[PDB]
Amino acid sequence: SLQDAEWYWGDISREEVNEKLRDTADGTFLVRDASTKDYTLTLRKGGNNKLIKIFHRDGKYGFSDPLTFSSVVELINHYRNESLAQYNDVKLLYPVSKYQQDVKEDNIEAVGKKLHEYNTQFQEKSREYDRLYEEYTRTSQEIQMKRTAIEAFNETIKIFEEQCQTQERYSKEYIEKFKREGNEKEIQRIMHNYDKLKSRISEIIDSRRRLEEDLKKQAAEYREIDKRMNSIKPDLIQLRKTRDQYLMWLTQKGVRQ
Amino acid sequence: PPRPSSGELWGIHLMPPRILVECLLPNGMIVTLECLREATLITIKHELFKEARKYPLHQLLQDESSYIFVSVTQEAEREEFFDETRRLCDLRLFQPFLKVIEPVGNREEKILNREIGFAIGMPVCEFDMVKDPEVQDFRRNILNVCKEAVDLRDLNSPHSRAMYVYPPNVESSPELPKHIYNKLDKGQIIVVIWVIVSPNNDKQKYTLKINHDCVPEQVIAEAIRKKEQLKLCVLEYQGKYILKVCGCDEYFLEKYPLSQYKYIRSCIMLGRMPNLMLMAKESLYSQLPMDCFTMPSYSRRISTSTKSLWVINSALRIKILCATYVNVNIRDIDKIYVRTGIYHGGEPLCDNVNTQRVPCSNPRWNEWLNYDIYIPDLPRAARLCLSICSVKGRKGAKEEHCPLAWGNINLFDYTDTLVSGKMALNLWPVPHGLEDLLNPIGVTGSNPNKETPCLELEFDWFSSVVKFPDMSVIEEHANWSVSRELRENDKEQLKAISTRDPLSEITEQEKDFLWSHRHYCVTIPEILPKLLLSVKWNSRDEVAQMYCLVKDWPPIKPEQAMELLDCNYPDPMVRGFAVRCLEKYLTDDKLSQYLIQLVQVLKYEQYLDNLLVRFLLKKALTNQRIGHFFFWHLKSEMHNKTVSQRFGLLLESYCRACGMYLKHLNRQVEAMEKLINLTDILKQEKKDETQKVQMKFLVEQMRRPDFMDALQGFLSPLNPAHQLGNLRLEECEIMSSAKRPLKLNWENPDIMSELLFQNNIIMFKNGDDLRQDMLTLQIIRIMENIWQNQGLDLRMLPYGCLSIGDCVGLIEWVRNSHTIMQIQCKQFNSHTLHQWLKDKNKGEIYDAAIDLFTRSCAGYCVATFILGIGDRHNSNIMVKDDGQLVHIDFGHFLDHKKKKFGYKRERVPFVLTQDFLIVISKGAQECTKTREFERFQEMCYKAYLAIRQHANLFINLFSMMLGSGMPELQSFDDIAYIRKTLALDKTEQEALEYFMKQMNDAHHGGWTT
Ligand SMILES: C[C@@H]1Cn2ncc(-c3ccc(S(=O)(=O)N(C)C)cc3)c2CN1c1ccnc2[nH]ccc12
C-alpha cells in the first residue's frame, strides 16, 4: 500500500532528506524515488546518511539478489522489526512521517492568505537581522581598531617614559655642574624642558584612558548585539521554514506539470 | 598587528600642510618642530639638529650623521627609519613624534624585514614573538624551498633569471584546434617584426609569412634571412636576439611553437595581425639584477617513552571542563551545552556526542564524553569539531538549537603526536548564514582574539607520548589484513561510477562493490575519488589497505586530482598523491588558471608545513607571473584572522626569496594604500557632498608630489606585464552611480604602445566584495577555453578583476563599451540597438559585428544560465563598438534567491529581448523563424553540452571554494544548483531537452528542436 506510507516521500530532493535527517538518532529513515525516475531508502547511522537502493525485477524487491519481497512496503516492514546486520546493523526504527508534518488550513484562499502574512513577517525580520549583522560587523571591526590603537599608545608611553629616564641620567651631573657655577637660569632651562615632557606624557596617558573607556563601552555594545542576534537567528529559521511549507502546500493543492 | 585605517596619522586621513612634530633628542631633551607634511626625514633631521643647539645639553649630541629616527607606526610597531629619503606623510605614524637613536644591529636584515613587513601589511617581528613550535618550525623548515628556488633561478646565469621574470605565456598544448588552424592561410601565419634602429630610434617593419609551429629562434632566423652561405651568419646571430609582444612585457624566450604562445593564438583566432619586437638578449639580460636569498635571524639560531596509537586498548574520550562565557539573553534561552563530533573531512567518524544542558550563567560541565571509536581505528586526519549551542523549548515540543561559538582541533599534531592533557580553546564567531550546530569545514586552532569564549578541555593520558604508526608499520598491517573473476558487466558498472560527477549519490551497495573491486580499480585510475569514499575511515584495516593502493596508484589528470585537495579528502597520503599529480602533469598555464582555488584549498590543510604549500611556493618562486597572483591572493585575505597567521608566514617566506620583485610589489602596495585612503575620505567626511566638489578635492590631492611619486610608474596588479606609466589626471573620474568608484586612466609607457593600447583604465572599487565577481570571470575564462578547444568561437570578453583586500579591489575597464541603457539614448525603439550597431560598423564589416554579437550572446546565454548569475538588465549588459557583448556586475550566483523567496526554479538570468533578437536576425520581422537564429540556437546547444561534458571540473572548482567565506558558496548543497542546470542525474538527450524547455519558458516559445 505504497503512496499511503508515512515514510514514502516521492520526488523529494537528497538535500531535503538531509535537512529532515540532520542531527537525528541512528535508525531514523525515509524512502523516496531515486534521483533517476526505482526507489532509494535513506538511513541514519554513525552520524551519516546512508543511501540504500531498492532493486526491482519480475515484481520482486530487495537491496541485493535474491529479491525476496513482494512490495517496497513488505521490504521496509521486515527491516522495521529485524536488523540490517544480515545484509550489512540497525532496525528501521524512526520513520519520518509526511502526515506528522502538520499547516492544517483547508483551502487555497486560506493557505494563500496565511503565506502572504508569513512572507511579509519573513522579509520584515530578514531586513532586521541584515541590519543587525551590519551593526555587528562594524562594531567588531572598530573594536579591532581600538585594540591596535591602545597597543600603539602603550608603546608611545614606553618611549616617552624612557625619555624621562634619559633626562634623569644626564641632568643629575649637569645640575650639579651648574649649581657650583651658579647658573640658576640654565637649571631653569633643564627643568622647563622636563616639565614639557611630563605634560606630554600626561596628555598621551589621558588619550589612551579615554580610548580604553570607548573600548569598554563598544565591547559591551558588541555583547548586546550578539545577544540580540543569537535571539533573532533561531526564530528567522523557523519563520523561513513555515513560509517554505505554505509555499509547498500551495504548489501541491493547485494544478501541476 | 595590521594597520586600522590607511590615514597619515591615527584618526587623521591627511596631515595639514604644516604639522608640529615632537622630537626626542638623545640627551633627553624634547623639541617641538614645525614640519612640512611632505618633508623627507633627511631634511627634518637637519632642521632638528640646528634647532637642538637652542636647547640645554646640546654638547652631548654627536653628528647629525650618527643618528636615525624611530617612531610608533599604525601597526603599533617601533620602526627604525633607515630610508631617510622617505616623506613624513608616508611614514604611517600613530602620533606625530620622532625619537633620535644611534643605529645598532644588522642593518641589511632590518631593512629587508621592514620591506617584507610592508608588503605583508603586518610587522615581521610579530612572528618571532609567536610561542607555538609549529609556527617557528614552519619558518625554519620552509627555507629549503626558498633556497632551492633561488639556486634554480641563477643556475643558467642571465637566461634562467629572465625565465623567472618573463615566463612564456604559453597554452598547455601546441596542437592547434581545427577551427583555429583554418584561419592560417595555408597552415602558416603572417607576423610583423618591428625594430628600433639604434641611430635615430626609428621603427622599421619586416612582414614575414612563416609556419605557425616555428620556434621563436626560427622566427628570428627568417627576420635575419629577410634583411646561400648566409646560414653561418644566421646560426651565429640567431642566439643574440629575443622576441617581445608590442605594447607589453610579454617575452618569447623558450623554444615553444609560435602558435602555442597565447598572444599568437589569440591573434590567429581573432583575425588580428601579430606585432612583435626584435631586440638583443643583451639589452634585456643587463636590466636583470641578481636576486639574493639570505638565511634569516631565526634560522641562524636553535630557538628550542613513545607508544604507538595501535598498542592502546581503549575507546576515545574527551573531557569538557568549562567555558569562560557566552553572549545570550538569559530570558530568551533555557540552557547551553557543548556539542562535539569526531570528523574526517566533513563526514563524522562516529555519532556526535553532546554534554548535559547547564544554565548559561554556569558553563561548567567537567564531564567525560565517550565516542564509538576504538583509539587504534582513529585516522591520521581525525579532528574534534565542537561548539557551544543554546537551546530553547518554549513553543510546543519544538526545541530550537542555536550555535554560539565554534572551534576545531586536530587530534594529532604536526609531529604525528596524539593530543594529551588539558587544552584551552578560544572560540570563533559562527559564520553568517551557517545554520548547522557544528562547523567541520572551519579552520583548526584557537582564536587569536583572547577577548572571546574560552573552553577548557581534558585529553586522556596513557603514561607516554602516543604517536601515529610509521608507514612501514601500516604497509605491514595491510599485508596482514589482505591475508585474512572480473565479468564484462562488473567492468561496465565500475566504468559508469568513475564517469559520474563528484557530488552524485553513492549507494551502500555501490560502496561495498567499489571496495570489493579495489585491486581491479587501478585499471580505471580516474575512479580513485569514489573509491576513497567507499573506504571506512574509522577502521584501521581498510585505511592501511587504501594507503598501499594509493602509494602505487597511477597518476590522474590534474583537474581530476584537484578534487582530492578539497575539504572532503583530508588524508595526508591522498593529498600527497594529489600533489604528485600536479607536480608532474600540471602546466604553468593551468596553475595560473586554477590559482584562486589552489590558494583556497591551503585553508583545509591540517598543518602549516605540507606538500601543497611547498609545491605552490616552489612554483611562485620559479615563475613570477604565478608569484604576482600568489602574493595578491594571499594578501587580499590578511584581514581574515582565521587565515592571517598561515598566509602571513607564507607571504614572509615568499617575500624573503622572490628577489627584486618585492620592490615592484611594494610600489603596487604603496599605490593601493593611497587609493584606499583617498576613497575612504570620500566615503566618510565627504559622503554628503557634491560630485563637483568631490572631484575638486580628488584632482587637488591627486596633484600632490607625494601622491604622484607613488601612483605613477608601477606594474598593474591586474596584469604585471602591463606598466602603469604617468596618470592621465584629466581622464580620471568618480563614477556618478551610488558606490562612487574611481575610474583611473594611466598611460602605457611602452615604446610601441600604439600597437596594443596607449591607455590602461582601471576601476578602483572600495566597499563591495569582488571575490564573487572574481570567481565568475575566472569560471567564464575556463568555459570559453573549453569551447575554443572543442571548436566554438563563442567569444566572451572576461576582463580582469582582482580583490586586493577586504571589500577593496581593481576592475579592468573594457574599452569602447557602452551599456544597453546608454545605447538606448545618447521616445525609444526596439531597433535602437540594431541601428547603433549598423551605424558604428558601416558596410563591409556589418556582418563581422553581427557574428561577434551572436557568438558572445550564446556564450553569455549558456554561462549565465549554468551559474545562475544575478538578474540581467540594460545597465548590467554592455556592447562594444565591435559588436562584442560583455556582462558586468556578477555579485550573485547559484540560487541566491532561495532563502528570500522559497521558489525552487532554475532561472534564465539572460532572457534575449526583442531588441537582442532583432540584432541576430539582421533586422528581420520574424526573428525566431530566421536561419540566423537557427545558427544561434545550435551554438547554445553545443556550448551547454561542452560544459556538461566537463561538469566534474566546474563542480571541483566550486567545491574547493567552500571555505572562502562567500555567502552563496557555504555548503555542497549550494553547488547542487550547477547539477540542476547541467541536469547531471539525467541523460545527455534529456539534459538538452531540459535546456530547450528552460529557453522556451523564458523566451515564450521560439526554441525549436
Ligand atoms: C569596471 C567594470 C568593467 N567595465 N568596463 C567598462 C565599463 C563601463 C561602464 C559604464 C559604461 S556607460 O554607462 O555606457 N558609460 C560610457 C557612460 C560603459 C562601460 C565597466 C563597468 N564595470 C563595473 C562597474 C561597476 N561594478 C562592477 N562590477 C563588475 C564590473 C563592474
# chains A, B, ... in the order shown; residues from 1 in each chain; ligands from 1
call {"tool": "residues_around", "arguments": {"residues": "stretch 196-209 of chain A", "least_positions_apart": "2", "cutoff": "12 Å", "atoms": "only C-alpha atoms", "output": "PyMOL selection string"}}
result
(chain A and resi 146-168+189-194+211-216) or (chain B and resi 10+22-25+28-32+94-97)
call {"tool": "write_last_selection", "arguments": {"atoms": "N, CA and C atoms", "output": "compact mmCIF listing (two decimals), in the first residue's frame"}}
result
# COMPACT_ATOMS: atom_id res chain seq x y z
N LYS A 146 40.44 49.86 17.85
CA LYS A 146 40.72 50.42 19.18
C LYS A 146 41.79 49.63 19.89
N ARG A 147 41.74 48.29 19.83
CA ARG A 147 42.72 47.42 20.48
C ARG A 147 44.14 47.58 19.86
N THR A 148 44.24 47.89 18.54
CA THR A 148 45.52 48.15 17.89
C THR A 148 46.04 49.55 18.33
N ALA A 149 45.13 50.55 18.37
CA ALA A 149 45.45 51.91 18.78
C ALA A 149 45.93 51.97 20.24
N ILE A 150 45.34 51.16 21.14
CA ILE A 150 45.75 51.07 22.54
C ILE A 150 47.18 50.48 22.63
N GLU A 151 47.51 49.46 21.79
CA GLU A 151 48.85 48.86 21.72
C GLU A 151 49.88 49.91 21.31
N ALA A 152 49.56 50.70 20.27
CA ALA A 152 50.36 51.82 19.77
C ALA A 152 50.57 52.87 20.86
N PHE A 153 49.53 53.21 21.66
CA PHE A 153 49.66 54.15 22.78
C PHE A 153 50.61 53.63 23.84
N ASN A 154 50.46 52.34 24.20
CA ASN A 154 51.29 51.67 25.21
C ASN A 154 52.76 51.80 24.86
N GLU A 155 53.09 51.61 23.57
CA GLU A 155 54.45 51.71 23.09
C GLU A 155 54.97 53.15 23.13
N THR A 156 54.14 54.13 22.70
CA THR A 156 54.41 55.57 22.70
C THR A 156 54.72 55.98 24.14
N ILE A 157 53.85 55.59 25.11
CA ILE A 157 54.05 55.84 26.54
C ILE A 157 55.38 55.24 26.99
N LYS A 158 55.75 54.04 26.51
CA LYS A 158 57.02 53.39 26.86
C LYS A 158 58.21 54.20 26.36
N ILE A 159 58.15 54.71 25.11
CA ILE A 159 59.22 55.53 24.50
C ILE A 159 59.37 56.86 25.26
N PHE A 160 58.24 57.56 25.47
CA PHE A 160 58.18 58.81 26.19
C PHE A 160 58.69 58.71 27.64
N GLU A 161 58.31 57.65 28.37
CA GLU A 161 58.80 57.42 29.72
C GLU A 161 60.31 57.10 29.72
N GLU A 162 60.83 56.42 28.67
CA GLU A 162 62.26 56.14 28.51
C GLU A 162 62.99 57.47 28.35
N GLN A 163 62.31 58.47 27.74
CA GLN A 163 62.85 59.82 27.56
C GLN A 163 63.12 60.51 28.90
N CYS A 164 62.22 60.34 29.89
CA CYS A 164 62.38 60.89 31.23
C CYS A 164 63.60 60.29 31.90
N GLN A 165 63.68 58.95 31.90
CA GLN A 165 64.78 58.15 32.43
C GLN A 165 66.15 58.62 31.89
N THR A 166 66.19 59.03 30.61
CA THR A 166 67.38 59.53 29.92
C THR A 166 67.75 60.92 30.43
N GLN A 167 66.75 61.82 30.57
CA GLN A 167 66.96 63.18 31.09
C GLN A 167 67.44 63.09 32.54
N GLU A 168 66.89 62.12 33.31
CA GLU A 168 67.23 61.86 34.70
C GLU A 168 68.67 61.39 34.84
N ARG A 189 66.16 76.06 32.64
CA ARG A 189 66.01 75.59 31.26
C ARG A 189 65.84 74.07 31.21
N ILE A 190 66.72 73.33 31.90
CA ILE A 190 66.64 71.86 32.02
C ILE A 190 65.29 71.43 32.61
N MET A 191 64.84 72.10 33.69
CA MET A 191 63.58 71.84 34.37
C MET A 191 62.38 72.16 33.51
N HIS A 192 62.43 73.26 32.74
CA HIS A 192 61.31 73.63 31.87
C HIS A 192 61.09 72.57 30.79
N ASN A 193 62.17 72.06 30.19
CA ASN A 193 62.06 71.02 29.18
C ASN A 193 61.51 69.72 29.81
N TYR A 194 61.97 69.37 31.03
CA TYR A 194 61.46 68.19 31.74
C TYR A 194 59.96 68.30 32.02
N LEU A 211 40.25 56.35 25.22
CA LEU A 211 40.07 55.30 24.22
C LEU A 211 39.73 53.95 24.89
N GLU A 212 40.42 53.61 26.01
CA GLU A 212 40.16 52.41 26.80
C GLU A 212 38.72 52.47 27.31
N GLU A 213 38.22 53.68 27.65
CA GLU A 213 36.83 53.87 28.08
C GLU A 213 35.84 53.72 26.92
N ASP A 214 36.24 54.12 25.69
CA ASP A 214 35.41 53.92 24.49
C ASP A 214 35.34 52.42 24.19
N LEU A 215 36.49 51.72 24.31
CA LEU A 215 36.64 50.29 24.09
C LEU A 215 35.73 49.49 25.03
N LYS A 216 35.72 49.83 26.33
CA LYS A 216 34.87 49.20 27.36
C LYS A 216 33.39 49.36 26.94
N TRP B 10 46.78 58.40 13.28
CA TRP B 10 45.61 57.76 13.89
C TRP B 10 44.50 58.80 13.92
N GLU B 22 56.94 66.30 17.68
CA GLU B 22 57.72 66.22 18.91
C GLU B 22 58.97 65.40 18.63
N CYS B 23 60.16 65.97 18.83
CA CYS B 23 61.40 65.24 18.59
C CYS B 23 62.09 64.95 19.88
N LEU B 24 62.43 63.69 20.12
CA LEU B 24 63.02 63.24 21.36
C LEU B 24 64.51 63.06 21.16
N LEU B 25 65.31 64.07 21.55
CA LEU B 25 66.77 64.02 21.35
C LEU B 25 67.45 63.01 22.25
N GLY B 28 68.04 63.59 26.10
CA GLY B 28 66.84 63.61 26.92
C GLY B 28 65.92 64.78 26.69
N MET B 29 66.35 65.77 25.90
CA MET B 29 65.51 66.95 25.65
C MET B 29 64.38 66.64 24.66
N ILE B 30 63.34 67.49 24.64
CA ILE B 30 62.22 67.38 23.69
C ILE B 30 62.13 68.68 22.84
N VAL B 31 62.02 68.55 21.49
CA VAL B 31 61.95 69.70 20.59
C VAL B 31 60.72 69.66 19.69
N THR B 32 59.80 70.66 19.83
CA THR B 32 58.59 70.81 19.00
C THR B 32 59.02 71.48 17.70
N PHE B 94 51.63 56.64 14.12
CA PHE B 94 50.48 56.62 15.01
C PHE B 94 50.26 58.08 15.46
N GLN B 95 51.23 58.66 16.21
CA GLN B 95 51.20 60.06 16.67
C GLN B 95 52.38 60.84 16.09
N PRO B 96 52.28 62.18 15.98
CA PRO B 96 53.38 62.94 15.38
C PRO B 96 54.58 63.17 16.29
N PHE B 97 55.44 62.17 16.39
CA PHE B 97 56.69 62.26 17.15
C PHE B 97 57.79 61.46 16.47
call {"tool": "closest_atom_pairs", "arguments": {"of": "chain B", "to": "ligand 1", "cutoff": "7 Å", "atoms": "only C-alpha atoms and all ligand atoms", "output": "Markdown table"}}
result
| residue | atom | partner | partner_atom_place_in_ligand_line | distance |
| --- | --- | --- | --- | --- |
| B:762 | CA | ligand 1 | 1 (C) | 6.9 |
| B:763 | CA | ligand 1 | 1 (C) | 5.2 |
| B:773 | CA | ligand 1 | 29 (C) | 6.2 |
| B:799 | CA | ligand 1 | 3 (C) | 7.0 |
| B:811 | CA | ligand 1 | 1 (C) | 4.8 |
| B:812 | CA | ligand 1 | 1 (C) | 5.3 |
| B:813 | CA | ligand 1 | 5 (N) | 3.5 |
| B:814 | CA | ligand 1 | 5 (N) | 3.7 |
| B:815 | CA | ligand 1 | 6 (C) | 6.4 |
| B:817 | CA | ligand 1 | 19 (C) | 4.8 |
| B:818 | CA | ligand 1 | 14 (O) | 3.5 |
| B:819 | CA | ligand 1 | 14 (O) | 4.2 |
| B:822 | CA | ligand 1 | 14 (O) | 5.0 |
| B:878 | CA | ligand 1 | 18 (C) | 6.6 |
| B:888 | CA | ligand 1 | 30 (C) | 4.3 |
| B:889 | CA | ligand 1 | 29 (C) | 3.7 |
| B:890 | CA | ligand 1 | 29 (C) | 6.2 |
call {"tool": "residues_around", "arguments": {"residues": "stretch 111-126 of chain A", "least_positions_apart": "2", "cutoff": "8 Å", "atoms": "only C-alpha atoms", "output": "PDB file with N, CA, C and O atoms, in the first residue's frame"}}
result
ATOM      1  N   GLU A 105      -4.774  24.381   7.412  1.00  0.00           N
ATOM      2  CA  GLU A 105      -5.799  25.171   6.713  1.00  0.00           C
ATOM      3  C   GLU A 105      -6.251  24.477   5.458  1.00  0.00           C
ATOM      4  O   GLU A 105      -5.459  23.959   4.668  1.00  0.00           O
ATOM      5  N   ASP A 106      -7.570  24.400   5.367  1.00  0.00           N
ATOM      6  CA  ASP A 106      -8.344  23.609   4.429  1.00  0.00           C
ATOM      7  C   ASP A 106      -8.226  24.011   2.957  1.00  0.00           C
ATOM      8  O   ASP A 106      -8.001  23.131   2.111  1.00  0.00           O
ATOM      9  N   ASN A 107      -8.393  25.310   2.660  1.00  0.00           N
ATOM     10  CA  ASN A 107      -8.482  25.837   1.304  1.00  0.00           C
ATOM     11  C   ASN A 107      -7.371  26.785   0.859  1.00  0.00           C
ATOM     12  O   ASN A 107      -6.790  27.514   1.662  1.00  0.00           O
ATOM     13  N   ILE A 108      -7.138  26.768  -0.475  1.00  0.00           N
ATOM     14  CA  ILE A 108      -6.199  27.568  -1.253  1.00  0.00           C
ATOM     15  C   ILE A 108      -6.226  29.057  -0.850  1.00  0.00           C
ATOM     16  O   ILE A 108      -5.157  29.624  -0.625  1.00  0.00           O
ATOM     17  N   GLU A 109      -7.437  29.655  -0.692  1.00  0.00           N
ATOM     18  CA  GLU A 109      -7.612  31.043  -0.268  1.00  0.00           C
ATOM     19  C   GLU A 109      -7.021  31.259   1.138  1.00  0.00           C
ATOM     20  O   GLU A 109      -6.251  32.204   1.339  1.00  0.00           O
ATOM     21  N   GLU A 128      15.680  43.190   9.447  1.00  0.00           N
ATOM     22  CA  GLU A 128      16.049  43.453  10.841  1.00  0.00           C
ATOM     23  C   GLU A 128      17.405  42.778  11.153  1.00  0.00           C
ATOM     24  O   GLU A 128      18.333  43.464  11.592  1.00  0.00           O
ATOM     25  N   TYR A 129      17.514  41.451  10.868  1.00  0.00           N
ATOM     26  CA  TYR A 129      18.705  40.618  11.043  1.00  0.00           C
ATOM     27  C   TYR A 129      19.879  41.137  10.173  1.00  0.00           C
ATOM     28  O   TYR A 129      21.024  41.107  10.623  1.00  0.00           O
ATOM     29  N   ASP A 130      19.598  41.544   8.916  1.00  0.00           N
ATOM     30  CA  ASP A 130      20.617  42.045   7.996  1.00  0.00           C
ATOM     31  C   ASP A 130      21.207  43.374   8.478  1.00  0.00           C
ATOM     32  O   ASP A 130      22.403  43.606   8.309  1.00  0.00           O
ATOM     33  N   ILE A 232      17.383  36.534  17.404  1.00  0.00           N
ATOM     34  CA  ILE A 232      16.689  36.611  16.110  1.00  0.00           C
ATOM     35  C   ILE A 232      16.934  35.349  15.228  1.00  0.00           C
ATOM     36  O   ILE A 232      15.998  34.897  14.547  1.00  0.00           O
ATOM     37  N   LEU A 236      13.992  33.317  12.900  1.00  0.00           N
ATOM     38  CA  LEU A 236      14.039  33.566  11.470  1.00  0.00           C
ATOM     39  C   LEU A 236      14.092  32.235  10.684  1.00  0.00           C
ATOM     40  O   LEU A 236      13.363  32.098   9.695  1.00  0.00           O
ATOM     41  N   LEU A 239      10.591  30.795  10.919  1.00  0.00           N
ATOM     42  CA  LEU A 239       9.737  31.652  10.089  1.00  0.00           C
ATOM     43  C   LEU A 239       9.951  31.391   8.588  1.00  0.00           C
ATOM     44  O   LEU A 239       8.984  31.382   7.838  1.00  0.00           O
ATOM     45  N   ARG A 240      11.205  31.117   8.174  1.00  0.00           N
ATOM     46  CA  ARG A 240      11.555  30.753   6.796  1.00  0.00           C
ATOM     47  C   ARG A 240      11.034  29.333   6.478  1.00  0.00           C
ATOM     48  O   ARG A 240      10.593  29.074   5.363  1.00  0.00           O
ATOM     49  N   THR A 242       8.405  27.782   7.885  1.00  0.00           N
ATOM     50  CA  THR A 242       6.950  27.852   7.758  1.00  0.00           C
ATOM     51  C   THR A 242       6.560  28.408   6.377  1.00  0.00           C
ATOM     52  O   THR A 242       5.709  27.831   5.700  1.00  0.00           O
ATOM     53  N   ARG A 243       7.193  29.512   5.965  1.00  0.00           N
ATOM     54  CA  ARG A 243       6.971  30.133   4.673  1.00  0.00           C
ATOM     55  C   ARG A 243       7.151  29.085   3.572  1.00  0.00           C
ATOM     56  O   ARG A 243       6.222  28.883   2.778  1.00  0.00           O
ATOM     57  N   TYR A 246       4.196  26.558   3.536  1.00  0.00           N
ATOM     58  CA  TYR A 246       2.952  27.115   2.987  1.00  0.00           C
ATOM     59  C   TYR A 246       3.023  27.297   1.497  1.00  0.00           C
ATOM     60  O   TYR A 246       1.989  27.312   0.823  1.00  0.00           O
ATOM     61  N   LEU A 247       4.248  27.450   0.987  1.00  0.00           N
ATOM     62  CA  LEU A 247       4.522  27.589  -0.428  1.00  0.00           C
ATOM     63  C   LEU A 247       4.402  26.203  -1.063  1.00  0.00           C
ATOM     64  O   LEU A 247       3.828  26.083  -2.143  1.00  0.00           O
ATOM     65  N   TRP A 249       2.606  23.478   0.214  1.00  0.00           N
ATOM     66  CA  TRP A 249       1.202  23.061   0.292  1.00  0.00           C
ATOM     67  C   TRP A 249       0.279  23.768  -0.742  1.00  0.00           C
ATOM     68  O   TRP A 249      -0.873  23.369  -0.926  1.00  0.00           O
ATOM     69  N   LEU A 250       0.789  24.813  -1.394  1.00  0.00           N
ATOM     70  CA  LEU A 250       0.071  25.603  -2.389  1.00  0.00           C
ATOM     71  C   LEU A 250       0.388  25.048  -3.779  1.00  0.00           C
ATOM     72  O   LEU A 250      -0.526  24.890  -4.599  1.00  0.00           O
TER      73      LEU A 250
ATOM     74  N   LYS B 900      15.425  34.133   0.350  1.00  0.00           N
ATOM     75  CA  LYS B 900      14.496  35.269   0.274  1.00  0.00           C
ATOM     76  C   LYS B 900      13.093  34.848  -0.124  1.00  0.00           C
ATOM     77  O   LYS B 900      12.123  35.286   0.495  1.00  0.00           O
TER      78      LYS B 900
END
call {"tool": "select_by_dssp", "arguments": {"residues": "stretch 27-247 of chain A", "states": "alpha helix (DSSP H)", "output": "PyMOL selection string"}}
result
chain A and resi 72-81+108-180+184-247
call {"tool": "atom_distance", "arguments": {"atom1": "atom CA of residue B:494", "atom2": "atom CA of residue B:510"}}
result
9.1 Å
call {"tool": "residues_around", "arguments": {"residues": "residue B:329", "least_positions_apart": "6", "cutoff": "12 Å", "atoms": "only C-alpha atoms", "output": "list in words"}}
result
residues 223, 224, 225, 226, 227, 228, 229, 230, 231 and 232 of chain A; 335, 336, 359, 360, 361, 390, 391, 392 and 404 of chain B
call {"tool": "residues_around", "arguments": {"residues": "residue B:595", "least_positions_apart": "5", "cutoff": "12 Å", "atoms": "only C-alpha atoms", "output": "VMD selection string"}}
result
chain B and resid 562 586 to 590 600 to 602 616 to 617 619 to 620 625 to 634 774 to 775 778 957 960 to 961
call {"tool": "select_by_dssp", "arguments": {"residues": "stretch 141-384 of chain B", "states": "strand (DSSP E)", "output": "ChimeraX atom specification"}}
result
/B:188-197,202-211,241-245,251-252,275-280,306-308,315-323,335-344,347-348,353-354,364-374,383-384
call {"tool": "interface_residues", "arguments": {"of": "chain B", "to": "chain A", "cutoff": "7 Å", "atoms": "only C-alpha atoms", "output": "ChimeraX atom specification"}}
result
/B:1,4,27-30,56,72,74,76,94,327-329,332,348-352,400,402,507-509,902,973,985-986
call {"tool": "residues_around", "arguments": {"residues": "residue B:126", "least_positions_apart": "4", "cutoff": "10 Å", "atoms": "only C-alpha atoms", "output": "list in words"}}
result
residues 1, 77, 117, 122, 130 and 645 of chain B
call {"tool": "write_last_selection", "arguments": {"atoms": "C-alpha atoms", "output": "JSON list (two decimals), in the first residue's frame"}}
result
[["chain", "number", "residue", "atom", "x", "y", "z"],
["B", 1, "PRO", "CA", 49.11, 43.93, 14.03],
["B", 77, "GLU", "CA", 55.48, 48.81, 15.84],
["B", 117, "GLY", "CA", 56.53, 43.63, 6.64],
["B", 122, "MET", "CA", 51.96, 43.15, 9.28],
["B", 130, "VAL", "CA", 54.68, 33.55, 18.45],
["B", 645, "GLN", "CA", 48.87, 33.75, 10.58]]
call {"tool": "residues_around", "arguments": {"residues": "stretch 548-553 of chain B", "least_positions_apart": "2", "cutoff": "8 Å", "atoms": "only C-alpha atoms", "output": "VMD selection string"}}
result
chain B and resid 475 478 519 522 525 544 to 546 555 573 to 574 577
call {"tool": "write_last_selection", "arguments": {"atoms": "N, CA, C and O atoms", "output": "tab-separated table (two decimals), in the first residue's frame"}}
result
chain	number	residue	atom	x	y	z
B	475	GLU	N	52.08	-0.49	6.17
B	475	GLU	CA	52.29	-1.38	5.00
B	475	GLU	C	52.25	-2.86	5.43
B	475	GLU	O	51.75	-3.71	4.69
B	478	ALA	N	48.57	-3.92	6.50
B	478	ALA	CA	47.75	-4.06	5.30
B	478	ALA	C	47.94	-5.44	4.68
B	478	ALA	O	46.97	-6.05	4.23
B	519	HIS	N	41.32	-3.67	-6.14
B	519	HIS	CA	42.53	-4.08	-6.86
B	519	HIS	C	42.32	-4.00	-8.37
B	519	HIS	O	43.29	-3.74	-9.08
B	522	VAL	N	42.66	-0.03	-10.18
B	522	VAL	CA	43.94	0.51	-10.64
B	522	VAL	C	43.98	0.59	-12.20
B	522	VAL	O	44.78	1.36	-12.75
B	525	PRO	N	42.13	4.46	-13.38
B	525	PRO	CA	42.65	5.29	-12.28
B	525	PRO	C	41.78	6.47	-11.85
B	525	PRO	O	41.83	6.88	-10.68
B	544	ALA	N	44.70	1.17	6.09
B	544	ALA	CA	46.00	0.56	5.74
B	544	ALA	C	46.08	0.04	4.30
B	544	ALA	O	47.06	0.31	3.59
B	545	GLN	N	45.04	-0.70	3.88
B	545	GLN	CA	44.95	-1.28	2.54
B	545	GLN	C	44.82	-0.23	1.45
B	545	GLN	O	45.29	-0.44	0.32
B	546	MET	N	44.16	0.90	1.78
B	546	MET	CA	43.97	2.03	0.89
B	546	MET	C	45.30	2.73	0.70
B	546	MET	O	45.65	3.06	-0.43
B	555	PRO	N	49.16	7.93	-11.84
B	555	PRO	CA	48.76	9.34	-11.74
B	555	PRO	C	47.53	9.65	-12.59
B	555	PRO	O	47.28	8.99	-13.59
B	573	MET	N	48.10	11.03	2.72
B	573	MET	CA	48.56	10.21	1.59
B	573	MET	C	47.77	10.56	0.34
B	573	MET	O	48.35	10.60	-0.75
B	574	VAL	N	46.46	10.86	0.49
B	574	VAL	CA	45.55	11.24	-0.60
B	574	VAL	C	46.02	12.57	-1.19
B	574	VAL	O	46.30	12.65	-2.39
B	577	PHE	N	49.45	12.14	-2.96
B	577	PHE	CA	49.28	11.60	-4.31
B	577	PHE	C	48.78	12.74	-5.19
B	577	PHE	O	49.34	12.98	-6.27
call {"tool": "closest_residue", "arguments": {"among": "A:135, A:11, A:73, A:6", "to": "residue A:252", "atoms": "only C-alpha atoms"}}
result
A:11
